[PDB]
Amino acid sequence: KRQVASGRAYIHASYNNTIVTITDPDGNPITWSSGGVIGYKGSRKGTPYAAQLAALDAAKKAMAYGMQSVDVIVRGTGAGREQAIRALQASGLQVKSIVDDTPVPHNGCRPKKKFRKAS
Amino acid sequence: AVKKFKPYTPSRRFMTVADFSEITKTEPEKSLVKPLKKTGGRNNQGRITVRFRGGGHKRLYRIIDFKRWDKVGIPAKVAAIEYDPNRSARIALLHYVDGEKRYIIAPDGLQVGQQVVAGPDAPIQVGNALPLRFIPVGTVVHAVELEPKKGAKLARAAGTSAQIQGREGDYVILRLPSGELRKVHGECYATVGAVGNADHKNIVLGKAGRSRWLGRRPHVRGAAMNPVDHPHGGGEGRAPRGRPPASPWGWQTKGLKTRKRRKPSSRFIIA
Amino acid sequence: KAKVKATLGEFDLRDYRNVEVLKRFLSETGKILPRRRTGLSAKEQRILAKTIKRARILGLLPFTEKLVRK
Amino acid sequence: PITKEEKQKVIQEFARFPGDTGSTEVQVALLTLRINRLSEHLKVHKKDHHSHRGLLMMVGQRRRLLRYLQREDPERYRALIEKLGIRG
Amino acid sequence: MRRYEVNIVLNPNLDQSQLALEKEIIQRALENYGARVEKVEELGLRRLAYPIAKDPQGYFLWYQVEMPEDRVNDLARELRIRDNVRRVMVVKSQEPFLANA
RNA sequence: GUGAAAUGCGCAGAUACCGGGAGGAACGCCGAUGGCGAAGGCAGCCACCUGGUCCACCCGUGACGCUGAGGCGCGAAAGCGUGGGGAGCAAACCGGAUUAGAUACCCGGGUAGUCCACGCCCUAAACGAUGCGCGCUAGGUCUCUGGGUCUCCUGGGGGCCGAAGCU
């Protein structure tokens with residue numbers, strides 16, 4: 001049905017798993033994938049190879065709804081993060097630009113114990 | 001402030017009374033507007049229909065103003081803060097420039113000598129009354145109408161308030177003293193500030209008379225009666241309800257919701 | 001490379017409204033910059049930041065900006 | 001705070017001979033003024049313990065001195081205390 | 001009295017009339033709390049670092065004044081009542097302190 | 001989510017993305033081997049009230065000093081009382097893991113409590129494990145903060161290396 005060639009793609013890479021969601025120019029998703037969306041399940045989902053496979057499987061679906069160029073936007077450290085970007089530039093999408101918007105408190109609310117290892 | 005007493009008697013050990021700083025310099029109520037004799041009477045056409053009500057000090061009624069939009073634009077000076085037997089909040093007698101006098105349920109902060117006024121024009125300060133639209137989103141406010149021109153229904157218990165939460169067309173979102181979130185019409189007036197005499201919650205009645213002075217008769221437990229008398233009633237020596245707690249009338253009283261399902265009041269409420 | 005105090009003239013680090021002067025003290029992450037980069041003194045770097053903060057609060061300076069091509 | 005004027009007026013009002021900026025009698029009346037001003041403050045901000053410390057330090061000073069003053073001179077010891085209102 | 005630099009940020013999307021009202025109310029306000037107007041610089045509408053009140057613009061007013069220290073807090077409150085006045089900032093005035101001195 | 005898992009959440013439409021709103025806590029960068037405070041301790045911005053401290057000018061008082069049994073005040077966190085708040089985190093508590101066992105360590109929840117006010121409590125590796133005041137006895141090095149007819153000289157404070165000496 002609907003098609004747009006110029007959209008936008010968000011990369012969530014956690015220390016566990018990497019998941020890409022592709023949107024329109026104002027952020028309303030068109031499709032997504034992730035290390036779970038591939039045959040991988042568990043802590044292999046956090047692997048960069050899976051972040052790739054996702055990134056391709058993700059792109060490949062957007063193309064089908066007319067996609068060609070997208071702006072890339074990352075949030076959060078994680079093995080698979082880099083391979084994710086890499087996997088999109090050489091893929092058939094024109095990575096019109098990249099941003100990092102990993103969110104980060106200005107000394108916000110107290111984190112869990114595991115994270116509060118920073119004294 | 002709550003006076004606490006020394007224990008020169010049991011019971012007078014736990015009893016605490018109000019400060020009356022509150023009101024000072026005015027006790028005898030306003031013969032003029034104030035009084036209609038109030039009618040004690042704990043039921044309708046014969047039968048008691050609120051149990052345990054009766055006795056308690058003979059009491060005169062003060063006729064307050066719950067619709068301030070009569071006097072739009074006319075300011076009045078706050079003339080005195082006086083005692084009201086008929087409600088938890090205290091009341092303020094205020095003389096309008098108009099000559100005319102009336103009693104408002106006295107909001108917190110309010111002090112003898114202040115001038116106070118109601119209208120869309122009014123300054124956004126204590127005791128002044130205004131449509132809800134012309135009141136800034138965030139302020140607390142009490143003595144709120146619910147439908148326009150129907151009189152102040154919300155937030156009049158001692159130390160109560162509501163807070164303006166948002167706008168929405170002719171309507172305006174309100175967080176109630178309960179915690180409920182309700183749209184109320186923009187034209188529904190409300191008086192800026194909260195209610196005051198907010199120590200009221202902390203009176204420790206102190207003994208069982210007193211409870212009587214306030215006209216509250218003793219309340220006999222369910223089990224404590226016999227089966228004719230009540231659902232819990234019965235049982236040889238002392239008993240454990242025997243499923244699941246119930247009013248005298250039988251309907252369940254632990255957790256059962258009672259408000260009418262298809263009420264058109266719905267769609268306006270959200271908590 | 002570039003020390004930022006040396007790259008301006010006489011300037012009043014007390015003015016929480018010289019956006020142009022101040023803008024240059026703010027990374028491309030919007031952060032306050034260190035003395036490793038401003039090259040203000042101790043005492044300066046303070047009377048600086050305090051005004052940088054204010055200016056953020058006035059709506060002149062960003063508290064943070066996100067990071068363009070990384 | 002305590003202004004330049006309020007300060008001076010007290011000083012020129014308690015001197016031994018115009019120009020006298022120190023002196024037992026004046027030093028006292030300085031603190032007294034600071035104290036009451038401070039006294040007055042802690043009465044609102046009861047929770048300000050830090051500033052209370054200083055008061056207790058002055059209070060001593062005042063004492064310290066008054067004891068000197070009294071030792072050398074009973075005459076203008078009454079004068080001061082009475083024309084100033086202390087001894088509790 | 002102490003010297004103070006008033007900052008007030010108003011709605012951008014205002015007809016100059018309402019904008020004048022608001023600014024005329026501010027004069028009363030300044031006036032009533034004991035504020036002698038000294039300077040005043042109307043740098044007017046400006047683009048914002050981040051959206052205030054859904055708007056990436058805003059109309060600014062600086063004001064030198066001399067007033068009694070005590071009532072200032074109140075002025076700032078009285079200046080904030082208004083729906084259109086989105087920011088207010090009082091600041092004790094102290095003369096420029098220059099680098100590359 | 002982990003070590004790998006599982007509990008758990010999700011087609012009743014979650015995670016990922018966007019917009020609109022609510023609420024509470026803590027203030028990134030600046031920020032440091034930095035500063036302030038008698039100590040405990042004190043960190044977004046603004047205004048008001050208020051304590052201690054430092055430098056300079058050699059003007060005033062004229063030994064008015066030091067210490068301090070007892071008294072009096074302050075005293076982190078936890079905990080207590082009354083009432084408000086409760087997003088995040090989290091003793092107890094429960095689930096999943098692991099293990100011989102696991103009343104733990106790891107994971108999913110979670111109640112007090114954490115926060116506000118008011119009043120109690122009075123402890124601590126309350127540690128520099130070094131009571132207070134004064135005088136005297138090489139210097140080197142970097143740092144915060146003041147004063148100078150400002151390659152430097154002088155005063156106050158914070159670290160490092162070390163004469164004599166002590167151990």
# chains A, B, ... in the order shown; residues from 1 in each chain; ligands from 1
call {"tool": "closest_atom_pairs", "arguments": {"of": "chain F", "to": "chain B", "cutoff": "10 Å", "atoms": "only C-alpha atoms (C1' of nucleotides)", "output": "CSV"}}
result
residue,atom,partner,partner_atom,distance
F:21,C1',B:166,CA,8.9
F:22,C1',B:165,CA,9.2
F:82,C1',B:202,CA,9.1
F:83,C1',B:202,CA,9.0
call {"tool": "select_by_dssp", "arguments": {"residues": "chain E", "states": "helix (DSSP H, G or I)", "output": "list in words"}}
result
residues 16, 17, 18, 19, 20, 21, 22, 23, 24, 25, 26, 27, 28, 29, 30, 31, 32, 72, 73, 74, 75, 76, 77 and 78 of chain E
call {"tool": "write_last_selection", "arguments": {"atoms": "N, CA and C atoms", "output": "PDB file, in the first residue's frame"}}
result
ATOM      1  N   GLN E  16       1.074  42.790  18.595  1.00  0.00           N
ATOM      2  CA  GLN E  16       1.760  43.846  19.349  1.00  0.00           C
ATOM      3  C   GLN E  16       0.875  44.518  20.396  1.00  0.00           C
ATOM      4  N   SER E  17      -0.441  44.421  20.237  1.00  0.00           N
ATOM      5  CA  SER E  17      -1.385  44.985  21.208  1.00  0.00           C
ATOM      6  C   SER E  17      -1.361  44.229  22.545  1.00  0.00           C
ATOM      7  N   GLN E  18      -1.626  42.923  22.501  1.00  0.00           N
ATOM      8  CA  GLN E  18      -1.585  42.064  23.685  1.00  0.00           C
ATOM      9  C   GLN E  18      -0.219  42.146  24.312  1.00  0.00           C
ATOM     10  N   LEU E  19       0.787  42.075  23.442  1.00  0.00           N
ATOM     11  CA  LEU E  19       2.185  42.232  23.815  1.00  0.00           C
ATOM     12  C   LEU E  19       2.399  43.534  24.571  1.00  0.00           C
ATOM     13  N   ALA E  20       1.710  44.592  24.158  1.00  0.00           N
ATOM     14  CA  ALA E  20       1.775  45.869  24.869  1.00  0.00           C
ATOM     15  C   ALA E  20       1.080  45.803  26.226  1.00  0.00           C
ATOM     16  N   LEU E  21      -0.118  45.205  26.265  1.00  0.00           N
ATOM     17  CA  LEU E  21      -0.872  45.016  27.523  1.00  0.00           C
ATOM     18  C   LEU E  21       0.037  44.375  28.547  1.00  0.00           C
ATOM     19  N   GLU E  22       0.425  43.137  28.244  1.00  0.00           N
ATOM     20  CA  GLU E  22       1.340  42.381  29.077  1.00  0.00           C
ATOM     21  C   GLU E  22       2.502  43.243  29.564  1.00  0.00           C
ATOM     22  N   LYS E  23       3.094  44.001  28.643  1.00  0.00           N
ATOM     23  CA  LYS E  23       4.249  44.850  28.930  1.00  0.00           C
ATOM     24  C   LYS E  23       3.849  46.088  29.724  1.00  0.00           C
ATOM     25  N   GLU E  24       2.584  46.473  29.623  1.00  0.00           N
ATOM     26  CA  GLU E  24       2.051  47.574  30.419  1.00  0.00           C
ATOM     27  C   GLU E  24       1.740  47.104  31.850  1.00  0.00           C
ATOM     28  N   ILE E  25       1.280  45.856  31.983  1.00  0.00           N
ATOM     29  CA  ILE E  25       1.091  45.185  33.298  1.00  0.00           C
ATOM     30  C   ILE E  25       2.423  45.040  34.089  1.00  0.00           C
ATOM     31  N   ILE E  26       3.465  44.708  33.341  1.00  0.00           N
ATOM     32  CA  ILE E  26       4.806  44.582  33.864  1.00  0.00           C
ATOM     33  C   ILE E  26       5.262  45.908  34.447  1.00  0.00           C
ATOM     34  N   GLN E  27       4.826  47.018  33.847  1.00  0.00           N
ATOM     35  CA  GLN E  27       5.185  48.351  34.341  1.00  0.00           C
ATOM     36  C   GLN E  27       4.520  48.614  35.684  1.00  0.00           C
ATOM     37  N   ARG E  28       3.225  48.308  35.776  1.00  0.00           N
ATOM     38  CA  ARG E  28       2.510  48.399  37.050  1.00  0.00           C
ATOM     39  C   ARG E  28       3.250  47.592  38.091  1.00  0.00           C
ATOM     40  N   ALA E  29       3.458  46.315  37.766  1.00  0.00           N
ATOM     41  CA  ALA E  29       4.193  45.384  38.616  1.00  0.00           C
ATOM     42  C   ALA E  29       5.528  45.955  39.125  1.00  0.00           C
ATOM     43  N   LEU E  30       6.432  46.285  38.207  1.00  0.00           N
ATOM     44  CA  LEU E  30       7.668  46.996  38.553  1.00  0.00           C
ATOM     45  C   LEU E  30       7.374  48.165  39.482  1.00  0.00           C
ATOM     46  N   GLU E  31       6.417  48.981  39.053  1.00  0.00           N
ATOM     47  CA  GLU E  31       6.028  50.170  39.774  1.00  0.00           C
ATOM     48  C   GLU E  31       5.651  49.802  41.197  1.00  0.00           C
ATOM     49  N   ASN E  32       4.645  48.950  41.354  1.00  0.00           N
ATOM     50  CA  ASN E  32       4.067  48.664  42.678  1.00  0.00           C
ATOM     51  C   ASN E  32       5.008  48.073  43.714  1.00  0.00           C
ATOM     52  N   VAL E  72      11.351  41.857  46.064  1.00  0.00           N
ATOM     53  CA  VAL E  72      11.727  41.344  44.755  1.00  0.00           C
ATOM     54  C   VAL E  72      11.162  39.940  44.484  1.00  0.00           C
ATOM     55  N   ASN E  73      11.281  39.051  45.469  1.00  0.00           N
ATOM     56  CA  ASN E  73      10.767  37.685  45.351  1.00  0.00           C
ATOM     57  C   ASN E  73       9.319  37.766  44.891  1.00  0.00           C
ATOM     58  N   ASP E  74       8.582  38.669  45.533  1.00  0.00           N
ATOM     59  CA  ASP E  74       7.158  38.856  45.266  1.00  0.00           C
ATOM     60  C   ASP E  74       6.879  39.348  43.842  1.00  0.00           C
ATOM     61  N   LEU E  75       7.683  40.318  43.408  1.00  0.00           N
ATOM     62  CA  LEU E  75       7.588  40.817  42.049  1.00  0.00           C
ATOM     63  C   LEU E  75       7.706  39.633  41.083  1.00  0.00           C
ATOM     64  N   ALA E  76       8.746  38.822  41.257  1.00  0.00           N
ATOM     65  CA  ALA E  76       8.962  37.664  40.394  1.00  0.00           C
ATOM     66  C   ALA E  76       7.766  36.739  40.365  1.00  0.00           C
ATOM     67  N   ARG E  77       7.111  36.584  41.515  1.00  0.00           N
ATOM     68  CA  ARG E  77       5.893  35.779  41.582  1.00  0.00           C
ATOM     69  C   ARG E  77       4.780  36.474  40.822  1.00  0.00           C
ATOM     70  N   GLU E  78       4.561  37.756  41.128  1.00  0.00           N
ATOM     71  CA  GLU E  78       3.518  38.551  40.456  1.00  0.00           C
ATOM     72  C   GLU E  78       3.711  38.627  38.928  1.00  0.00           C
TER      73      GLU E  78
END
call {"tool": "residues_around", "arguments": {"residues": "residue 179 in chain B", "least_positions_apart": "6", "cutoff": "12 Å", "atoms": "only C-alpha atoms (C1' of nucleotides)", "output": "PyMOL selection string"}}
result
chain B and resi 155+160-163+165+269-271
call {"tool": "write_last_selection", "arguments": {"atoms": "C-alpha atoms", "output": "CSV table (one decimal), in the first residue's frame"}}
result
chain,number,residue,atom,x,y,z
B,155,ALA,CA,-13.8,20.7,48.2
B,160,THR,CA,-9.5,20.2,51.3
B,161,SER,CA,-8.6,21.4,47.8
B,162,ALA,CA,-8.6,20.6,44.2
B,163,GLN,CA,-6.0,21.4,41.6
B,165,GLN,CA,-4.8,20.0,35.9
B,269,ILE,CA,-14.6,11.0,35.4
B,270,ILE,CA,-11.2,9.3,34.9
B,271,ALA,CA,-10.0,7.8,38.4
call {"tool": "interface_residues", "arguments": {"of": "chain E", "to": "chain F", "cutoff": "7 Å", "atoms": "only C-alpha atoms (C1' of nucleotides)", "output": "JSON list (two decimals) with N, CA and C atoms, in the first residue's frame"}}
result
[["chain", "number", "residue", "atom", "x", "y", "z"],
["E", 70, "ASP", "N", 13.76, 43.26, 49.67],
["E", 70, "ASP", "CA", 12.73, 42.35, 50.21],
["E", 70, "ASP", "C", 11.63, 41.97, 49.19],
["E", 73, "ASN", "N", 11.28, 39.05, 45.47],
["E", 73, "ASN", "CA", 10.77, 37.69, 45.35],
["E", 73, "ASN", "C", 9.32, 37.77, 44.89],
["E", 89, "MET", "N", 13.44, 36.05, 35.40],
["E", 89, "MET", "CA", 14.70, 35.82, 36.09],
["E", 89, "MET", "C", 15.22, 37.10, 36.68],
["E", 90, "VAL", "N", 15.34, 37.09, 37.99],
["E", 90, "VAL", "CA", 15.90, 38.20, 38.68],
["E", 90, "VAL", "C", 17.37, 37.88, 38.89],
["E", 91, "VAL", "N", 18.19, 38.92, 38.99],
["E", 91, "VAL", "CA", 19.62, 38.75, 39.16],
["E", 91, "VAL", "C", 20.17, 40.01, 39.80]]
call {"tool": "residues_around", "arguments": {"residues": "residue 19 in chain C", "least_positions_apart": "4", "cutoff": "10 Å", "atoms": "only C-alpha atoms (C1' of nucleotides)", "output": "PyMOL selection string"}}
result
chain C and resi 15+23-24+52+55-56+60-61
call {"tool": "write_last_selection", "arguments": {"atoms": "N, CA and C atoms", "output": "PDB file, in the first residue's frame"}}
result
ATOM      1  N   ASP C  15      28.547  38.124  31.327  1.00  0.00           N
ATOM      2  CA  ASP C  15      27.281  38.331  30.585  1.00  0.00           C
ATOM      3  C   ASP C  15      26.610  37.078  30.022  1.00  0.00           C
ATOM      4  N   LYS C  23      28.614  30.621  23.042  1.00  0.00           N
ATOM      5  CA  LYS C  23      28.426  29.472  22.165  1.00  0.00           C
ATOM      6  C   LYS C  23      29.730  28.710  21.948  1.00  0.00           C
ATOM      7  N   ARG C  24      30.845  29.427  21.803  1.00  0.00           N
ATOM      8  CA  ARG C  24      32.122  28.785  21.481  1.00  0.00           C
ATOM      9  C   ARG C  24      32.724  27.958  22.618  1.00  0.00           C
ATOM     10  N   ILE C  52      27.097  30.387  32.177  1.00  0.00           N
ATOM     11  CA  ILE C  52      26.691  29.496  31.083  1.00  0.00           C
ATOM     12  C   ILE C  52      25.415  28.779  31.457  1.00  0.00           C
ATOM     13  N   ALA C  55      22.329  31.161  31.303  1.00  0.00           N
ATOM     14  CA  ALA C  55      21.986  31.323  29.903  1.00  0.00           C
ATOM     15  C   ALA C  55      21.271  30.106  29.336  1.00  0.00           C
ATOM     16  N   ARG C  56      21.646  28.913  29.782  1.00  0.00           N
ATOM     17  CA  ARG C  56      20.883  27.732  29.404  1.00  0.00           C
ATOM     18  C   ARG C  56      19.431  27.848  29.870  1.00  0.00           C
ATOM     19  N   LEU C  60      18.650  30.481  25.898  1.00  0.00           N
ATOM     20  CA  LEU C  60      19.662  30.948  24.954  1.00  0.00           C
ATOM     21  C   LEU C  60      20.572  29.809  24.530  1.00  0.00           C
ATOM     22  N   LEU C  61      21.100  29.086  25.503  1.00  0.00           N
ATOM     23  CA  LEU C  61      22.021  28.019  25.213  1.00  0.00           C
ATOM     24  C   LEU C  61      21.373  26.696  25.394  1.00  0.00           C
TER      25      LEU C  61
END
call {"tool": "interface_residues", "arguments": {"of": "chain F", "to": "chain C", "cutoff": "10 Å", "atoms": "only C-alpha atoms (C1' of nucleotides)", "output": "list in words"}}
result
residues 28, 29, 30, 31, 32, 34, 44, 45, 46, 144 and 145 of chain F
call {"tool": "select_by_dssp", "arguments": {"residues": "range 5-145 of chain B", "states": "strand (DSSP E or B)", "output": "ChimeraX atom specification"}}
result
/B:16-17,35-37,43,48,53,60-62,64,72,76-82,91-96,101-105,115-116,118,129-131,140-142,144-145
call {"tool": "interface_residues", "arguments": {"of": "chain E", "to": "chain B", "cutoff": "9 Å", "atoms": "only C-alpha atoms", "output": "PyMOL selection string"}}
result
chain E and resi 81-83
call {"tool": "write_last_selection", "arguments": {"atoms": "N, CA and C atoms", "output": "compact mmCIF listing (two decimals), in the first residue's frame"}}
result
# COMPACT_ATOMS: atom_id res chain seq x y z
N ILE E 81 2.36 34.93 37.37
CA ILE E 81 0.91 34.68 37.26
C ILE E 81 0.52 34.41 35.83
N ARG E 82 0.98 35.31 34.97
CA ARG E 82 0.46 35.42 33.63
C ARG E 82 0.81 34.18 32.82
N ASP E 83 -0.12 33.82 31.94
CA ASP E 83 -0.01 32.64 31.10
C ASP E 83 1.04 32.91 30.03
call {"tool": "atom_distance", "arguments": {"atom1": "CA of residue 187 in chain B", "atom2": "CA of residue 148 in chain B"}}
result
5.4 Å
call {"tool": "residues_around", "arguments": {"residues": "residue 41 in chain F", "least_positions_apart": "6", "cutoff": "12 Å", "atoms": "only C-alpha atoms (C1' of nucleotides)", "output": "VMD selection string"}}
result
(chain D and resid 50) or (chain F and resid 74 to 76 126)
call {"tool": "residues_around", "arguments": {"residues": "range 78-85 of chain D", "least_positions_apart": "6", "cutoff": "9 Å", "atoms": "only C-alpha atoms (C1' of nucleotides)", "output": "PyMOL selection string"}}
result
chain D and resi 14+25+28-29+32+66+70
call {"tool": "write_last_selection", "arguments": {"atoms": "N, CA and C atoms", "output": "CSV table (one decimal), in the first residue's frame"}}
result
chain,number,residue,atom,x,y,z
D,14,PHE,N,28.0,55.6,71.5
D,14,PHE,CA,28.6,54.9,72.7
D,14,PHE,C,30.1,55.2,73.0
D,25,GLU,N,33.3,49.6,75.9
D,25,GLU,CA,31.9,50.0,75.9
D,25,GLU,C,31.3,50.0,74.5
D,28,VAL,N,31.1,46.2,72.8
D,28,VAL,CA,29.9,45.6,73.4
D,28,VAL,C,28.8,46.0,72.5
D,29,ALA,N,28.4,47.3,72.5
D,29,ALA,CA,27.2,47.7,71.8
D,29,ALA,C,27.2,47.3,70.3
D,32,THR,N,25.8,43.5,70.7
D,32,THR,CA,24.4,43.7,71.1
D,32,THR,C,23.6,43.9,69.9
D,66,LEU,N,32.5,42.4,79.3
D,66,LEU,CA,31.8,42.9,80.4
D,66,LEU,C,32.5,42.6,81.7
D,70,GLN,N,33.6,45.6,84.2
D,70,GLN,CA,33.2,45.5,85.6
D,70,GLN,C,34.3,45.5,86.6
call {"tool": "residues_around", "arguments": {"residues": "range 206-217 of chain B", "least_positions_apart": "5", "cutoff": "7 Å", "atoms": "only C-alpha atoms (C1' of nucleotides)", "output": "short mmCIF file (atom, residue, chain, number, x, y, z; two decimals) with N, CA and C atoms, in the first residue's frame"}}
result
data_model
loop_
_atom_site.label_atom_id
_atom_site.label_comp_id
_atom_site.auth_asym_id
_atom_site.auth_seq_id
_atom_site.Cartn_x
_atom_site.Cartn_y
_atom_site.Cartn_z
N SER B 11 -9.25 9.32 79.80
CA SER B 11 -10.14 9.89 78.76
C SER B 11 -9.76 11.34 78.43
N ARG B 12 -9.78 12.22 79.41
CA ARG B 12 -9.10 13.48 79.25
C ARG B 12 -7.59 13.31 79.08
N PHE B 14 -6.55 11.20 76.48
CA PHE B 14 -6.37 11.07 75.03
C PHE B 14 -7.03 12.19 74.21
N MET B 15 -7.97 12.87 74.84
CA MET B 15 -8.73 13.93 74.22
C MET B 15 -7.87 15.12 73.83
N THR B 16 -8.09 15.62 72.62
CA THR B 16 -7.51 16.88 72.17
C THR B 16 -8.56 17.74 71.49
N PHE B 52 -28.07 5.21 64.22
CA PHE B 52 -27.07 5.71 65.11
C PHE B 52 -26.89 7.23 65.09
N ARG B 53 -27.93 7.95 64.70
CA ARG B 53 -27.85 9.40 64.64
C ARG B 53 -28.85 9.90 65.64
N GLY B 54 -28.51 10.97 66.38
CA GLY B 54 -29.39 11.54 67.41
C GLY B 54 -28.66 12.05 68.65
N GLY B 55 -29.30 12.96 69.38
CA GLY B 55 -28.72 13.59 70.60
C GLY B 55 -27.89 14.80 70.20
N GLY B 56 -26.82 15.07 70.93
CA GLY B 56 -25.86 16.07 70.49
C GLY B 56 -26.35 17.51 70.48
N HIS B 57 -25.46 18.42 70.87
CA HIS B 57 -25.78 19.84 71.17
C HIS B 57 -26.76 20.53 70.21
#
call {"tool": "interface_residues", "arguments": {"of": "chain E", "to": "chain C", "cutoff": "7 Å", "atoms": "only C-alpha atoms", "output": "MDAnalysis selection string"}}
result
chainID E and resid 48:50 96:101
call {"tool": "decode", "arguments": {"residues": "range 66-79 of chain A", "atoms": "N, CA, C and O atoms", "output": "mmCIF file, in the first residue's frame"}}
result
data_model
loop_
_atom_site.group_PDB
_atom_site.id
_atom_site.type_symbol
_atom_site.label_atom_id
_atom_site.label_comp_id
_atom_site.auth_asym_id
_atom_site.auth_seq_id
_atom_site.Cartn_x
_atom_site.Cartn_y
_atom_site.Cartn_z
ATOM 1 N N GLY A 66 9.306 0.821 -0.701
ATOM 2 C CA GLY A 66 9.781 1.937 -1.514
ATOM 3 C C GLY A 66 11.045 2.620 -1.048
ATOM 4 O O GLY A 66 11.496 3.569 -1.682
ATOM 5 N N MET A 67 11.638 2.121 0.033
ATOM 6 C CA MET A 67 12.698 2.854 0.733
ATOM 7 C C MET A 67 14.007 2.886 -0.066
ATOM 8 O O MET A 67 14.319 1.964 -0.837
ATOM 9 N N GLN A 68 14.745 3.981 0.118
ATOM 10 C CA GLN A 68 15.974 4.236 -0.626
ATOM 11 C C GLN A 68 17.027 5.003 0.193
ATOM 12 O O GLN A 68 18.169 4.555 0.318
ATOM 13 N N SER A 69 16.658 6.160 0.730
ATOM 14 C CA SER A 69 17.529 6.851 1.671
ATOM 15 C C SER A 69 16.840 6.903 3.018
ATOM 16 O O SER A 69 15.611 6.978 3.075
ATOM 17 N N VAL A 70 17.647 6.842 4.086
ATOM 18 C CA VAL A 70 17.196 6.990 5.488
ATOM 19 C C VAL A 70 18.260 7.732 6.325
ATOM 20 O O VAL A 70 19.455 7.599 6.050
ATOM 21 N N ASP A 71 17.836 8.512 7.326
ATOM 22 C CA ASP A 71 18.763 9.005 8.367
ATOM 23 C C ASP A 71 18.903 7.981 9.486
ATOM 24 O O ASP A 71 17.915 7.397 9.932
ATOM 25 N N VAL A 72 20.129 7.777 9.952
ATOM 26 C CA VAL A 72 20.393 6.772 10.961
ATOM 27 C C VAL A 72 20.601 7.462 12.294
ATOM 28 O O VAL A 72 21.198 8.546 12.354
ATOM 29 N N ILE A 73 20.074 6.821 13.345
ATOM 30 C CA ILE A 73 20.029 7.357 14.713
ATOM 31 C C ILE A 73 20.270 6.246 15.738
ATOM 32 O O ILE A 73 19.448 5.345 15.892
ATOM 33 N N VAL A 74 21.387 6.321 16.451
ATOM 34 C CA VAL A 74 21.728 5.267 17.410
ATOM 35 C C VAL A 74 21.425 5.692 18.829
ATOM 36 O O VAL A 74 21.449 6.885 19.175
ATOM 37 N N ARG A 75 21.145 4.675 19.635
ATOM 38 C CA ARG A 75 20.994 4.817 21.060
ATOM 39 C C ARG A 75 21.558 3.572 21.735
ATOM 40 O O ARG A 75 21.054 2.447 21.548
ATOM 41 N N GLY A 76 22.650 3.792 22.468
ATOM 42 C CA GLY A 76 23.130 2.869 23.496
ATOM 43 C C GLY A 76 24.284 1.994 23.061
ATOM 44 O O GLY A 76 24.262 1.460 21.953
ATOM 45 N N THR A 77 25.278 1.826 23.938
ATOM 46 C CA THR A 77 26.441 0.977 23.647
ATOM 47 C C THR A 77 26.076 -0.484 23.546
ATOM 48 O O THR A 77 25.143 -0.948 24.210
ATOM 49 N N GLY A 78 26.846 -1.224 22.765
ATOM 50 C CA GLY A 78 26.614 -2.643 22.648
ATOM 51 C C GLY A 78 27.374 -3.221 21.487
ATOM 52 O O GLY A 78 27.478 -2.598 20.430
ATOM 53 N N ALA A 79 27.893 -4.425 21.694
ATOM 54 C CA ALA A 79 28.714 -5.101 20.704
ATOM 55 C C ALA A 79 28.194 -4.808 19.308
ATOM 56 O O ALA A 79 28.900 -4.230 18.483
#
